[PDB]
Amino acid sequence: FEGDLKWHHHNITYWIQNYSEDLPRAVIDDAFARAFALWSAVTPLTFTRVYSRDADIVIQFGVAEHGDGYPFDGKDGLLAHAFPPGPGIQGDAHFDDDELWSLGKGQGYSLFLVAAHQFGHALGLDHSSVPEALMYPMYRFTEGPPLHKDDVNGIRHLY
C-alpha cells in the first residue's frame, strides 16, 4: 500500500460494489456516506456515489483471497485496508466480511469508523501516531467527532 500521490480532482466518486451480510443495505449506504461526509466537511472534496467500475473508490466486502496480494485472515486481526490514490485498484477500499460489522456501542466493529479511516487512506493519508486520531492503526470505539485535529490537518495539507 505504498503511495505518494494525491487525487488531481476534488469530485471523487465511489462505487459500493457489494455488501456485508451483517447490515441492511440502507444502513451500509448511509454509513459510507456519513464516513465520506466527515472528509468533505473540512476540505473542498466532494463524494458522489456511482454505479460503475470507473469510480475512483471501489468499495468491496471480501473474504480470504479477494483479488489482491493481501487476502483477509478471518475473524479479528486485519479488519480492512485501502490503496492510496491512483488508477485501477488504487484508491479502492476493501473490508473483511469475516468480521462482525455493526455501529455504535456493542460487539462487532463500527463500519462507519473503519470506513472513514479507510477513506482517509484512499485520499492519500498515512497512519497517524496520535492514539486519538482516526488514522491511528489500532481500532477502538469511542463516541464524538471521529476526526482529530491531526486528521483535519493531514487531509487539508493535501487538498
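All residue numbers are counted from 1 along the displayed sequence. We call the rigid core the largest set of C-alpha positions that still match within 1.5 Å between the two forms.
Of the two segments 63-71 and 112-120, the one whose CA positions lie farther from the displayed form in 6 other deposited structures of this protein, once all are superposed on the rigid core, is 63-71. Comparing the two stretches 97-105 and 31-39 by root mean square C-alpha distance in 6 other deposited structures of this protein, with all structures fitted on the core, the more displaced one is 97-105. Comparing 87-95 with 50-58, the stretch with the higher mean C-alpha B-factor in the PDB entry is 50-58.
Mean CA B-factor, 22-30 versus 126-134: the higher value falls on 126-134. Ranked by C-alpha B-factor against the other modelled residues of its chain, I16 falls in the lowest third. Among all modelled residues in this chain, the alpha-carbon of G69 has a temperature factor (C-alpha) in the highest third. In the deposited entry, the Cα temperature factor of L158 sits in the middle third of values across the chain's modelled residues.
For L38, the recorded CA temperature factor ranks within the middle third of the chain's modelled residues. Compared with the other modelled residues of the chain, the Cα B-factor recorded for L45 ranks in the middle third.
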